[PDB]
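Survey of secondary and tertiary structure
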Amino acid sequence: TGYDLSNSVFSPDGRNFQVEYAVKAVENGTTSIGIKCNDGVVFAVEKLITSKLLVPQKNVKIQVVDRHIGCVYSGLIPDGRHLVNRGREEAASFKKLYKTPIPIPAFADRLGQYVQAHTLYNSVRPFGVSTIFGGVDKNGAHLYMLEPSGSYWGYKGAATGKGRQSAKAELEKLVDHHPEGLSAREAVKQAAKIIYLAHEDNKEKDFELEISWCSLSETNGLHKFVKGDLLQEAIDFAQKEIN
Amino acid sequence: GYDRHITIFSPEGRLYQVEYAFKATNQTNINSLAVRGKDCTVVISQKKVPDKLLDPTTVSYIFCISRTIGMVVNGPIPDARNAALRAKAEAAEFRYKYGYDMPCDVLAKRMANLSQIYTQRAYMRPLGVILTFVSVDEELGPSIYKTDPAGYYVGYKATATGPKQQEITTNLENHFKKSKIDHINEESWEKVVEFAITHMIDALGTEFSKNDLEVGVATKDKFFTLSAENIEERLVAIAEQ
Amino acid sequence: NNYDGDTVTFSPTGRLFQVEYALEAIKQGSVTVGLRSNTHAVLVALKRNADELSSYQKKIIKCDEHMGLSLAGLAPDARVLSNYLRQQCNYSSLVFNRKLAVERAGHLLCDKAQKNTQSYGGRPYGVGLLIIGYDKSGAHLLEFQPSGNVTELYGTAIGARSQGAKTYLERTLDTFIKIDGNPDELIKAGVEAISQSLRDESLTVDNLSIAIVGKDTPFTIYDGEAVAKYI
Amino acid sequence: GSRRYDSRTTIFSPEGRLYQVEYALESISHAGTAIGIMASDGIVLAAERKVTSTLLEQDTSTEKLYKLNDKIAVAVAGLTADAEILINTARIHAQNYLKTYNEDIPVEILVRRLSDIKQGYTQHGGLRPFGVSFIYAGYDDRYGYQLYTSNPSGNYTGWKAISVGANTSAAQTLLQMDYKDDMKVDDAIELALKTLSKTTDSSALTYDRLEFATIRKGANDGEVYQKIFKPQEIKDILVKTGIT
Amino acid sequence: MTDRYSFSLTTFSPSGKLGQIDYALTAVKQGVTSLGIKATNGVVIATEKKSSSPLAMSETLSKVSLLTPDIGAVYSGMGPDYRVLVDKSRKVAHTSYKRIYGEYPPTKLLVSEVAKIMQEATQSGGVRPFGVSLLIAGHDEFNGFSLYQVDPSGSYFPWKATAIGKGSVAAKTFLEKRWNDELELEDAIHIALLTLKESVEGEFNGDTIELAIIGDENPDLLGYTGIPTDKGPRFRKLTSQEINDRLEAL
Amino acid sequence: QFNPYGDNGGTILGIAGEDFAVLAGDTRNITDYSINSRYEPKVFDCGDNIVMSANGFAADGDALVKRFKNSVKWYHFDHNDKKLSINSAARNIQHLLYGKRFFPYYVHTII
Amino acid sequence: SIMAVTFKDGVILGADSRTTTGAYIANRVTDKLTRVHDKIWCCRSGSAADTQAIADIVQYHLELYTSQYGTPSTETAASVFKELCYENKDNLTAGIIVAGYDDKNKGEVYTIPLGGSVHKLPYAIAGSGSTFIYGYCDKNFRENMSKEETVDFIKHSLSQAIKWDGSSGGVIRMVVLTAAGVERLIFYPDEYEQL
Amino acid sequence: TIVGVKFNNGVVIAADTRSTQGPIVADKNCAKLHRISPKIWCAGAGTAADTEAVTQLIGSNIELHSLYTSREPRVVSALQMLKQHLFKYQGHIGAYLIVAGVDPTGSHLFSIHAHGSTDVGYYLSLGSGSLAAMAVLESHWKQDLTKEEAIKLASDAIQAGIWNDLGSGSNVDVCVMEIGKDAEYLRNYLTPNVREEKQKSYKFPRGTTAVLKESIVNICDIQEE
Amino acid sequence: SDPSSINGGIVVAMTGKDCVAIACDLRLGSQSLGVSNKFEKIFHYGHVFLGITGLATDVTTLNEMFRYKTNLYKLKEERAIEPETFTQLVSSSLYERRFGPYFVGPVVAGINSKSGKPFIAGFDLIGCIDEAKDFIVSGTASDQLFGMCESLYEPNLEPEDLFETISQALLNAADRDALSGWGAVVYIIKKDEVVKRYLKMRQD
Ligand SMILES: [Cl-]
Ligand SMILES: [Cl-]
Ligand SMILES: [Mg+2]
Ligand SMILES: [Mg+2]
Ligand SMILES: [Mg+2]
């Protein structure tokens, strides 16, 4: 034993226990989800209201990369911010050289390679976040989810955090009941519901819902936050479904 | 017992971190197979999409390194993509510096040397992957060259990699014992892919749908992967005889 | 236990013990309170002395004309972080002729603290900060933790016995937020809040430290007989 | 991080000893014995090759005696590969001195330089020391014939007669017994071989298990000649002195 | 990142042993047998092509490698370590010699450069020693034919004949009885094949044996004509057929 | 060839009274024979009851004033809001100017 | 004398074949139409060494781009050229016209003059001999020409450029970029001089 | 004067043998034909030290590359390595080369200039006598030349330079690289400039020169005994 | 101003039958001013001889450099360097200073100890090898030396005849150069004996 004391060390299994311990930090975090719709993607996250002293709608968790990519994550929040800062550098240098905004699959690998690099040495710690991200490019909509190991895949729906099992079950129903697809406005409503349903795992404290979306028709392929009436409409739909 | 944590010699003269990287290779539970035709080199690999939420089009362990070279990986995807990106960069740099397309065997050697360095230098860990490079080389013809975490590499008539590699290896061995040639004597790549799939079915003892497989084909001056419908056509031909 | 030797090591449950130990240094530090209305933001800090011959350690640092913070924990780390804020506030002014947003100031602190938690050789910052400011979107109050977590709040408190002041503010939330255009009443609420964290000792003239920033009020610190008014 | 695996090669023990230097000296104590004897008219270098084979090509082999320049030579005891690193450095230093001052390097200056390099590895860098002890045999016009020794600590000392490697305790006693100040090279040759013959762990001392050299003013008029003995010449001097 | 292993991973133990070098030698012991024999008019180096799979093409894996036109190398131990050493050995022959003196280095000096690289892996920061022992055969104008062994420590010794790896102890005893100072190259090749048969279990033929010589100049292998002083490489790898021909007269 | 310097004209004047001081300057900014601005302030209040003007090449003048104003700000931070005396400001400006001795601020400064 | 012209089915690149060292024609059969990708080519003018070095670097960048992100756009290729030409403007003398065919965007033409600036145009002319055909090309160019019309337009235009510019001459090379593929054309002096 | 001429089954290069410092002839029999690899040769004009040095360097790296890849070297590899090196040094390495050779891809002929620009052709010429040579090549070259015709054309182009260009002179060196064959280096293929016998012998009577001192020089090492 | 003609001086080398000869003047000056008449320009490393003309500081520096390199060569190789090998070493060493060269005109002379073949070679200041059969010239009166050598020289001269030819080539060439003369030395080299002769010449 001792194989779990240092990053980048293979155990006799062929496992990197430090990365597996980083996953535990992710599992401890709040719930975040991603839904791929007809012409775009929708991101949503659970924000635990630790106290009444928290200013509503101020501690924004979802982050934009470039102008067409949204990123949300569960686990250690600073680690997620560090990853997004890198993502923004990667996207900037891509656009600087190639002119076109970075494609989502291209952007996914940039994060993937960077996170994977933090599993190669004992002088660094793995990332304590699973990141759900995506957006619209020339080839259409893309949704991704990126783990501490650097592993990522494309998704129809994605979920991570403490209420991931509950969320996943809900996402699987949507995939089955909508083979032709889901609209952007529908996805926002469904996203609100799923976060509310996934809040049963964090039922002690009350929470604040935060949603964002990129859609070719609804937002011109740009990342925007769901605000005001459209947000309230989604909250009402969500509250109706739990009762 | 820190001789098991970093790449230094144990009293037996062994490198345990290298041996444990070999074990990570089978973590995906995927089997790959590569064979050579007359004009082509075919590589097939099991495709497993366990989650319904996954976009199955993005789930792949076959990579297009250059126009001519293709690479299938046995091991975790992060290390797989690490190796893929490097191999792409190395292939591009080679063409720029030396004015011709990097051969499959030379790329394999280069990646093998990089892997060797990780077994000797302490700060760098080995990658938990086995890289199988395929092409139709302009000098050597159809080529299969495979690299592992030890930094070892060699050319192959055919090869198999994964948990059930031995069953596939023996199946292929027995075929080449009959035919007494170093390749599949077939004109079209379509029939070489059919051979590859047929012999994987026989070795593993499992039937395959169009979404259970992943196929890569190398011809002269290009390497390409088959779509689900291209594979379906391949599976239909197998069943009809 | 075996996973607290350095900041680069997760525990089997996914915890970073060196960060948690740095968090512990804040709890040992003297209490400080932050709270705001829509017009003004106030810092109140209980300063700590070594003995009767010694001075009372300063708790509040000015970062710009419109921004500053109070500290709890390792004071030298607060000097490093406050110096960084001063530079960032200053870079924003010189280059963009733009006063640095309090929210963006928090984002910069978060990212600076984060780098120290993921790299080998270094250590996390051993201090907590309460940043107040008045920018283009009004009054603000932030709470900085050396884990990297920064949080915008109406009011809060950090340090030893800070839970008492934090509960008081949680009750008074609806009252003190409405104290607009009245600095003295907002400070009173802050002085009354920090009083809920006192035991044995009481607020004296060289014990209490208060700071305020607002609409037409530059960040100014009050010490000595300037705070006798509020005792 | 990396600290976990650091042996810390450059630290003191509680007793004030340098661990790695002490262990390097232990390594050197198993190496083939090398002897240096200084006379009034020259210096002798004798050394024992370690358990050789009949299939070893002796006439082209060199593991003990090396040439630094025309005036200075060294006998090695320890890791041969380590010694060659230092030898090439020493050879360069001598050439640098010659280029700068247009005079051959004084023996002590060369010895000090190599000894300073060894010292560095014991104080900084975190690397293992060179597992090598040298016997320097050389001549210059200031001090004449000189014998020095250096060890992994980087400490060097001057000698009339000295041994390094295996069985130095026994060897040094035998040299101390028969050495005299008015001794000559031919007598010193005999003493060196007699000492090795008694201290050797082998059954008998033969030509194929020896390297031998002399630095003589026995060169035509006021100048110095180095003589690295050939296998046949070592065989002849063994018969002459009456050992075989 | 940065390589933070700036300290030695090979250190002296209380007994005076350098553990990592000893363990590297143990890895060499496990390696497949290779040997070298020096004749009056040439040198022969040989080893077994231990194929890891019958599907593998063992011709693509070269255990015997050309370093210069007149110098060749073979090994026992870890193949990947050998491969990178050959790359460095080939390059150092150019950078530290040919680009200076306009000619290829003599065997002993190229061996010295290889030895130096292996010594440095035994002392430098954050590296393990090379897990190979090399046998380097070669020729040059002023030293003639020579055969050198190079160990993980960086130590090197010239040999009349020797063996390394699996069955070296038995093979060296076999060579001691057969070797003399009047051997012709063909006699050395014959002895090499006899010695190598003892350590081989399975198939013993031109396809499972790798054998090269340092002998006469090969003007047919030069690639060009028109310069009298250039007469072609002395290094030559024997073909599968050429080996089998000599196995009939075995 | 690129000439990194220019001449923005103008003229400044400082007079020290018994218990007061004045620093005057025209508001015209020019290049060659053209007027850039009829009102471009040249004399600045730098805080701590100090006024400053760097006349000549306006780009270097604006840079210097900007850097001195900055120095006043940091002097307060580093030395407990102590007032920067005019003699201390003068010495500080000497170091700002001489810091670019081999690529000068092409200005005549007065405080 | 180089030019690139967009038309209905795609784009055509055209160039002369003269390379000069002063008044000596160092090469009379030069190929100034160079390939940076399957259907992205460029026209080179100025220093032959600079323009070759640039084109080689671009080809490397687009080969690596393709391996990671698939086929690049013509706009992307022009941006890589621009980045090299702009950032190394003090040390380069290169006037390049980038032309390519997408299926989505069809035929596109970008010109990159000395400074390193980029200009997207329906057609572009460059090189020393371009000066003499500004009037002709402006008067005779139409959008959505046929392949045969565009070939005639380039042939006639470069013919005049060759006629008047001593730095230009030899054969008129052309490269046609369409959905159909890549076609190389050549026109000899006896053909184009009598026009 | 250096030339290169393609033919049916390969390529031939040729060169004169004059080296000059100003109006003076430094060497009358200089070797301007260099070997990069066994079947890749190049001729060099311009600064002599540069053509030699740049050829040796690339030839060294080509050899190492050939060993690394287990393949025979290609002309495009030497061409690419040369041009990138020369380009990097912005023409300051005064090497003007004609690179030719045969490899598994076929037979090739290229020119290289000091600033790093390369050109392809069936016939090429470089140096101060390139205009005299090119005049001959433009007059007599045709497609589908035989080996014998190409050698003739190549040497005739060099002769044009020898006679008409003052920067060129002495002898003609040739190298023929045919596909599927060893490259044949023909040093002093033509010798049309042998000096005539002198009218007089200038051998002096012994003791003609006045001497002050004599002494034996010790070249041997320090002696034994 | 021109570094190659501040100090002045010349060197010439010739081949004979089983012998070589190398000679040089003894002048060192500061343009018009004569400073030394004992500045020898020929050095030797074992049996290989090297003459160096040009800037005197570089002549001295290179000598010290090649002594340095040939001494290490000998320790490692366990044999003396040969003329052909040394020639390549000189070329290599000079070209490494391609864009900051030593202002010299080296001349190598010697006999291969194994083959017995006579060898001479010349270089430019940056390493180009001129390996002539007949003769090599260098220095401020190289034009003069070229004319003398080209007319006086004939192949296969015996050592004692070769001495007269090279001596008259140097002497009469130096007498037509303002920056050469002030004495002269001639080395006659055979496979295992070397004779050095100082020549009597006009001292203006
Ligand atoms: Cl490599
Ligand atoms: Cl061109
Ligand atoms: Mg490692
Ligand atoms: Mg024209
Ligand atoms: Mg004179």
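Residues numbered from 1 in each chain as written, not as in the entry; some residues may be left out. Chains lettered and ligands numbered in written order. Part of a larger assembly, values for the part shown. Heavy atoms only, no water.

As stated in the entry header, the method of structure determination is X-ray crystallography and the reported resolution is 2.80 Å.

**Side note on a positive patch on the surface**
Stated precisely, the cut-off is as follows: Each patch groups residues whose relative accessible area exceeds 30% and which form no salt bridge, using 9 Å between like charges and 5 Å between nonpolar side chains of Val, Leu, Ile, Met, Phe, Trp and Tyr. All accessible-area figures derive from a Shrake-Rupley calculation using a 1.4 Å probe, and residue coverage is judged against the displayed protein chains alone. By definition here, a salt bridge exists when the distance from a side-chain nitrogen of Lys or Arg to a carboxyl oxygen of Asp or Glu is within 4 Å. Working convention for charge: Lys and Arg count positive, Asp and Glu count negative, and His plus the chain ends are omitted. Every charge is mapped to an atom, namely NZ of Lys, CZ of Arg, CG of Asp or CD of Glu. Think of it this way: any DSSP run of H or I at least four residues long counts as a helix, any run of E at least two long counts as a strand, and we number them from the N terminus. Burial classification: accessible surface area is computed with a 1.4 Å probe over protein chains only, and a residue below 20% of its type maximum counts as buried, one above 50% as exposed, and the rest as partly exposed.
Where like charges cluster on the molecular surface, the positive patch consists of B:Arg121, E:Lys88, E:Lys91 and E:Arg99. Counting through the fold element by element, B:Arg121 comes out in the loop between α3 (104-120) and β5 (130-137). B:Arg121 gets classed as partly exposed once you look at its relative accessible area, which sits at 37%.

**Quick notes on the coordination of the magnesium ion (ligand 4)**
Octahedral metal centres with six donors ideally show angles of 90 or 180 degrees, and tetrahedral centres with four donors ideally show 109.5 degrees. Filter applied, for reference: Here a donor is any nitrogen, oxygen or sulfur atom (N, O, S) within 2.8 Å of the metal, with 3.2 Å used for Na, K and Ca; water is not among the atoms considered, so some sites may look incomplete.
Bound to the magnesium ion (ligand 4) on the protein side are G:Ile162 (O) and G:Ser168 (O), at distances that span 2.5 to 2.8 Å. You can call G:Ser168 buried: its relative accessible area is 2%.

**Looking at the side chain of D:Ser150**
Note the threshold: Whether two residues are in contact is decided by their heavy atoms: any pair within 4.5 Å suffices.
Take D:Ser150: it is sitting in strand β6 (residues 144-150). Each residue touching D:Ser150, except ones within four places of it in the same chain, is listed here: D:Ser115, D:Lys118, D:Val132, D:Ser133, D:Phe134, D:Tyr136, D:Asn155 and D:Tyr156.

**Description of the sheet that holds strand β2 (residues 10-15) of chain G**
Residue and element names in this part refer to chain G. Stated formally: Strands pair, by our definition, only if DSSP identifies at least two bridges between them. Between N-to-C directions, angles span 0 to 180 degrees; the directions come from axes that are lines fitted to C-alpha atoms, helices contributing only their stretch in contact.
Pairing is antiparallel across the open sheet formed by five strands, whose spatial order is β10-β1-β2-β11-β12. Both outer strands of the open sheet, β10 (123-126) and β12 (181-187), are each paired with one neighbouring strand and no more. Taken pair by pair, the neighbouring strands of this sheet meet at an average axis angle of 10°, ignoring direction. Sheet analysis places strand β11 (residues 172-178) next to β12, joined by seven bridges and oriented antiparallel.

**So, unusual backbone geometry**
For D:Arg8, which is not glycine, the phi torsion reads 60° and is therefore positive. Mapped onto the elements of the fold, D:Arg8 is located in the segment before α1 (19-28). By relative accessible area, D:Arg8 is classed as exposed at 54%. Its identity is not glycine, yet I:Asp18 carries a phi of approximately 55°, on the positive side. Structurally, I:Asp18 is set in the loop between β1 (10-16) and β2 (19-25).

**Some words on the interface of chain I and chain H**
Note the cut-off: Note: buried area is the sum, over both parts, of the accessible area (probe 1.4 Å) each one loses when the two are combined. Polar contact is the term for a pair of N or O atoms within 3.5 Å; when the atoms are in protein, one must be able to donate a hydrogen and the other to accept it, and sequence-neighboring residues count only if both atoms are side-chain atoms. Residue type decides the class: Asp, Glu, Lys and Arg count as charged, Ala, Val, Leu, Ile, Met, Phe, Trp, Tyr, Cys and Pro as nonpolar, and the leftover types, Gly among them, as polar.
If you look at the interface, chain I gives 39 residues, while chain H gives 36 residues. Of the roughly 3100 Å² buried at the junction of chain I and chain H (both faces included), carbon and sulfur atoms supply 56%. When the shortest N-O distance is used, the salt bridge between H:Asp50 and I:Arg98 registers 2.7 Å. The tally of links from chain I across to chain H stands at 20 residue pairs in polar contact. Mapped by element, the contributors of at least two residues to the side of chain I that touches chain H are α3 (142-152), α4 (159-174) and β12 (193-199) of chain I. No other element matches the eight residues that α4(I) contributes to the side of chain I that touches chain H. Across the side of chain I that touches chain H, the residue classes break down as 16 nonpolar, eight polar and 15 charged. Across five bridges, strand β13 (residues 211-216) of chain H lies against β12(I) in antiparallel orientation. Opposite H:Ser215, over in β12(I), you have I:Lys196 as the bridge partner.

**Quick look at the pairing of strand β3 (residues 65-68) of chain E**
All names here are of chain E. Sheet topology note: the β3/strand β4 (residues 71-77) ladder contains three bridges and is antiparallel. Within β4, the residue paired with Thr-68 across the bridge is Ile-71. Linkage of β3 to β4, two consecutive antiparallel strands, is achieved through a turn of two residues.

**Overview of the nonpolar core**
The cut-off we apply is this: The nonpolar core is taken to be a set of buried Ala, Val, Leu, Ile, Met, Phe, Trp, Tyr and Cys residues, with the residues joined through side-chain atoms within 4.5 Å.
Core analysis: the largest hydrophobic core is formed by 94 residues, its most contacted members being A:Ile33, A:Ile35, A:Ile211, B:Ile65 and B:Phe133. Excluding anything up to four places from it in sequence, B:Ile65 contacts B:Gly70, B:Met71, B:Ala84, B:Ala87, B:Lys88, B:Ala91, B:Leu107, B:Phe133 and G:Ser67. Core analysis: the second largest hydrophobic core is formed by 43 residues, A:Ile104, G:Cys42, G:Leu92 and G:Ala94 among them.

**A few points about the side chain of H:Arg74**
Positionally, H:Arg74 belongs in the loop between α1 (48-69) and α2 (75-88). According to the relative accessible area criterion, H:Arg74 is buried, its value standing at 6%. Beyond its immediate stretch of four places on either side in the chain, H:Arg74 contacts B:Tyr100, B:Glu138, B:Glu139, H:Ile40, H:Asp103 and H:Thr105.

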